[PDB]
There are 4 protein chains.
Amino acid sequence: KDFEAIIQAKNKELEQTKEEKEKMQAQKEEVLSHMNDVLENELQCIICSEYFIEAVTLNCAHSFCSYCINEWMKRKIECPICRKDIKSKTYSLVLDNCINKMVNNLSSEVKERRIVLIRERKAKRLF
Amino acid sequence: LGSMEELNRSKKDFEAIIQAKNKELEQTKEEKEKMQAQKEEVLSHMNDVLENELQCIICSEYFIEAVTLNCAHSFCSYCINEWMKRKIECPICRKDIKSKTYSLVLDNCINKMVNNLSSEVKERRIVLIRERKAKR
Amino acid sequence: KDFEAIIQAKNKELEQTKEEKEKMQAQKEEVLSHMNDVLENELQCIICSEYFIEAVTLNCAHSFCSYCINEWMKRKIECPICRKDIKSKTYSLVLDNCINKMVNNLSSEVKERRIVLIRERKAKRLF
Amino acid sequence: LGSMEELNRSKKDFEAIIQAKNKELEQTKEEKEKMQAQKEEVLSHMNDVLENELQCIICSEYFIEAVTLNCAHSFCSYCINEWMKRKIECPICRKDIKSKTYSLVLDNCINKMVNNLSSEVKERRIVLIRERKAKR
Ligand SMILES: C[C@H](CCC(=O)N(CCCNC(=O)[C@H](O)[C@@H](O)[C@H](O)[C@H](O)CO)CCCNC(=O)[C@H](O)[C@@H](O)[C@H](O)[C@H](O)CO)[C@H]1CC[C@H]2[C@@H]3CC[C@@H]4C[C@H](O)CC[C@]4(C)[C@H]3C[C@H](O)[C@]12C
Ligand SMILES: C[C@H](CCC(=O)N(CCCNC(=O)[C@H](O)[C@@H](O)[C@H](O)[C@H](O)CO)CCCNC(=O)[C@H](O)[C@@H](O)[C@H](O)[C@H](O)CO)[C@H]1CC[C@H]2[C@@H]3CC[C@@H]4C[C@H](O)CC[C@]4(C)[C@H]3C[C@H](O)[C@]12C
Ligand SMILES: [Cl-]
Ligand SMILES: [Cl-]
Ligand SMILES: [Zn+2]
Ligand SMILES: [Zn+2]
Ligand SMILES: [Zn+2]
Ligand SMILES: [Zn+2]
Ligand SMILES: [Zn+2]
Ligand SMILES: [Zn+2]
Ligand SMILES: [Zn+2]
Ligand SMILES: [Zn+2]
């Protein structure tokens with residue numbers, strides 16, 4: 001019987017399974033990285049570092065919490081991020097709804113913190 | 001030790017290597033399937049959000065150049081611009097349109113999430129963007 | 001008795017009264033001219049030539065009837081008057097209320113015409 | 001015709017001139033008072049509108065650089081700009097302020113009407129404009 005051939009076939013099987021695993025790991029890491037980038041870098045208010053609460057979008061296309069941008073605007077009428085003079089504000093149902101859905105998949109600590117801020121800021125639109 | 005015993009130990013030694021390799025193989029498969037599940041769960045989350053929160057109600061596609069109206073509703077720039085050739089009112093709430101604002105956060109979130117989905121999904125979006133920018 | 005002096009005093013009295021009258025006439029004409037200028041040149045919509053109905057003011061500071069500017073905007077997104085790209089609209093309670101008060105002092109023909117257009121355009125804000 | 005008769009006709013001729021002049025004088029006064037009434041009626045109309053429709057609720061003056069908010073309420077530019085240093089909400093309806101738009105029609109109407117009022121009223125406005133533009 002070819003004992004050497006049995007070992008070589010088991011070794012290739014193992015090598016194949018390892019590369020499959022390493023690929024799946026890189027794919028997993030890439031997706032999570034991208035998800036976290038969205039959470040941390042797109043959906044967090046630059047003024048308060050929280051996920052937007054009652055998101056408002058300015059004429060310059062940047063978004064902020066309603067509470068945050070109003071406090072800012074009492075002192076300065078330039079977008080915090082791009083410094084263009086602020087000419088319009090609008091609330092964004094889609095951003096609020098997207099954020100609620102995303103946050104719903106996070107830890108109950110994160111979820112409860114968000115609830116506390118919402119009530120603390122009297123953020124009515126998030127019923 | 002005599003051939004029957006020497007044969008038996010050589011068999012045990014060979015089998016121990018095979019079994020060590022099968023244990024590694026099995027464990028590697030389990031780690032692979034775990035990361036596959038972890039990946040799929042995040043992909044499921046992205047699909048849920050994209051399909052149920054980030055689709056334009058007019059075209060049913062993920063927003064392409066998302067714009068937000070004064071009434072807080074959002075649409076593709078193309079779709080609302082076509083709508084406004086006939087009615088200056090929100091397709092959803094029918095309030096008079098007073099302002100239209102591009103939303104970078106919506107666009108970046110969509111672009112970043114879609115980048116993780118299949119080639120078929122990514123390509124459709126690229127085609128749709130090209131179609132909408134094309135001259136007519 | 002000085003008959004010549006009686007005639008001269010009556011003549012001066014008359015001359016004084018005539019100049020007073022001519023001054024009052026010029027003042028009267030000036031005020032009316034200004035009132036009509038406001039009515040005809042400030043409070044009339046350039047698109048429909050009616051006193052504004054449901055006045056809307058654009059980012060460029062020009063005002064139009066709501067109905068008129070919406071029809072315009074289906075075809076062009078430039079202010080009719082200054083041709084700047086339209087970026088915002090807002091209704092104006094003060095303009096509507098001012099116009100109602102002014103029109104209230106005009107003929108019942110003008111008042112009834114305005115009522116007809118309001119209902120014809122379904123101009124809700126003017127209850 | 002004899003002196004009594006010649007005297008009498010000379011008296012009648014003199015009196016006829018005086019009476020013709022008094023008739024003219026009386027008629028001229030009536031035309032003057034009529035135009036005075038016509039003028040005052042238009043001035044009353046302007047005052048009614050200015051006082052009851054074109055005053056800023058914050059300062060009680062006729063609007064100086066009128067601005068209109070998204071909620072359709074108007075204020076002086078100076079007054080709303082000062083208010084917004086403390087609250088980003090309409091002083092009248094308390095809605096969140098989303099836009100602030102200068103209104104040429106309001107400004108031109110005020111300027112044109114005020115130009116017909118007393119020197120005292122016109123001067124106060126000029127002073128107030130100067131005060132608000134002054135550095136501080
Ligand atoms: C969209 C319409 C076809 C479908 C249709 O024929 N109806 C609408 C059905 C709804 N579905 C969609 O629109 C789809 O999402 C598409 O946009 C789809 O995404 C495309 O494949 C992508 O490009 C029905 C016709 C009536 N339309 C209405 O939308 C209803 O009246 C309704 O909304 C009510 O007004 C409202 O709900 C109140 O109850 C077609 C038919 C005629 C087209 C206009 C021709 C003249 C002008 C040419 C200019 O160069 C562009 C502007 C345009 C005004 C045109 C716009 C648009 O192109 C029209 C309306
Ligand atoms: C207006 C206030 C004095 C009168 C006052 O002391 N109160 C308001 C009374 C209302 N009357 C008026 O404002 C008048 O119309 C004046 O504006 C008048 O026209 C001037 O003579 C013309 O220049 C009471 C204090 C509380 N203020 C309120 O307005 C109430 O809280 C009320 O509105 C409620 O918030 C609301 O109704 C909710 O119920 C004074 C007192 C302290 C001042 C701030 C100091 C610090 C900052 C300096 C900056 O360089 C400019 C910004 C500023 C935030 C200042 C703004 C303003 O200058 C203030 C508020
Ligand atoms: Cl700027
Ligand atoms: Cl422009
Ligand atoms: Zn914030
Ligand atoms: Zn910005
Ligand atoms: Zn769309
Ligand atoms: Zn809407
Ligand atoms: Zn009009
Ligand atoms: Zn204009
Ligand atoms: Zn004021
Ligand atoms: Zn208001």
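No Cβ is skipped: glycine too gets one built from the backbone with ideal geometry, and neighbour counts run over all protein chains shown. We did not get these values from a lab; they are worked out from the coordinates using the rules stated.
Give me the inter-chain shielding for D:108-115: mean count of other chain Cβ atoms within 10 Å, whole number please.
4
Sort B:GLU5, A:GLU20, D:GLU61 so the one with the fewest other Cβ atoms within 10 Å of its own Cβ comes first.
Ranking B:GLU5, A:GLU20, D:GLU61 by Cβ neighbours within 10 Å, fewest first, gives B:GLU5, A:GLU20, D:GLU61.
Quote the FRET efficiency, to the nearest 0.05, computed for B:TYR102 versus D:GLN38 with a Förster distance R0 of 41 Å and r equal to the Cβ-Cβ distance. List each step's numbers first, then the result.
Values: r = 56 Å, r/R0 = 1.36.
Rounded to the nearest 0.05, the efficiency is 0.15.
Can you tally the net charge around D:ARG132? Count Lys and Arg as +1, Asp and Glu as -1, for every other residue whose Cβ sits under 13 Å from the Cβ of D:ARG132.
Once positives and negatives cancel, what remains is +2.
Looking only at other chains, what is the average number of their beta-carbon atoms within 10 angstrom of each beta-carbon in B:89-96?
1
Once the other residues with Cβ under 11 Å from the Cβ of D:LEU104 are scored (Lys, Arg +1; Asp, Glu -1), what is the net sum?
Surrounding charge for D:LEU104 is -3.
So what does the Cα-only Debye profile of chain B read at q = 0.10 Å⁻¹, as log10 I(q)/I(0), no solvent term?
Results for chain B at q = 0.10 Å⁻¹ read -0.52.
If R0 is 25 Å, what FRET efficiency do you get for A:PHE3 and B:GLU26 from their C-beta distance, rounded to 0.05?
Once the sixth-power term is evaluated, E becomes 0.70.
Quote the charge dipole size of the protein assembly as shown about the Cα centre in Debye, to the nearest 20; the model charges only the Cβ of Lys and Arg (+1) and of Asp and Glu (-1).
Rounded to the nearest 20 debye, it is 20 debye.
Rounded to the nearest 500, what is chain D's calculated 222 nm mean residue ellipticity when only DSSP H runs of at least 4 contribute -39500 (n - 2.57) each, over all residues?
-21500 deg cm²/dmol
With labels modelled as points extended 7 Å from the Cα through the Cβ direction, what inter-label distance (nm, one decimal) is found for B:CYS93 paired with A:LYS101?
It works out to 1.9 nm between the two label points.
Separation between the B:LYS12 and C:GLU40 pseudo-spin-labels, each 7 Å from Cα along Cα→Cβ, expressed in nm?
Output for this residue pair reads 12.0 nm.
Hey, could you pull the Cα Rg and Dmax for segment C:43-127, both in Å?
Calculated on Cα positions, Rg and Dmax stand at 12.8, 38 Å.
Any idea what Rg and Dmax come out to for segment A:1-42 if you just take the C-alpha atoms, in Å?
Reported Rg and Dmax, both Å: 18.3, 62.
Summing +1 for each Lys or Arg and -1 for each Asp or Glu, what net charge is found among the other residues whose Cβ lies under 14 Å from the Cβ of A:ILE118?
For residues surrounding A:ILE118, the net value is +3.
Treating only the Cβ of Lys, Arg, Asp and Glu as charged (+1, +1, -1, -1), what charge dipole size does chain C show about its Cα centre? Round to the nearest 20 debye. Present the calculation step by step, with values, prior to reporting the outcome.
Values: 23 positive and 21 negative charges, 205 e Å.
The calculation lands at about 980 debye.
Once every Cα of segment C:22-79 carries one equal point scatterer and solvent is ignored, give the base-10 log of I(q)/I(0) from the Debye formula at q = 0.24, 0.26 Å⁻¹, two decimals.
Per q value, in the given order, log10 I(q)/I(0) is -0.91, -1.00.
No solvent, one uniform scatterer per C-alpha: report log10 I(q)/I(0) for the protein assembly as shown via the Debye equation at q = 0.06, 0.07 1/Å, two decimals.
Relative scattering, expressed as log10 I(q)/I(0), comes to -0.51, -0.62.
Rounded to the nearest 500, what is the 222 nm mean residue ellipticity of chain A from helices alone, with -39500 (n - 2.57) per DSSP H run of 4+ residues and division by all residues?
Calculated at 222 nm, the ellipticity per residue is -18500 deg cm²/dmol.
Normalise the Cα radius of gyration of segment C:84-127 by 2.2 N^0.38 Å (N = residues in it) and let me know the number. Before the final figure, lay out each step's value.
Details: Rg = 12.8 Å, N = 44, 2.2 N^0.38 = 9.3 Å.
Ratio of Rg to 2.2 N^0.38 Å for segment C:84-127: 1.38.
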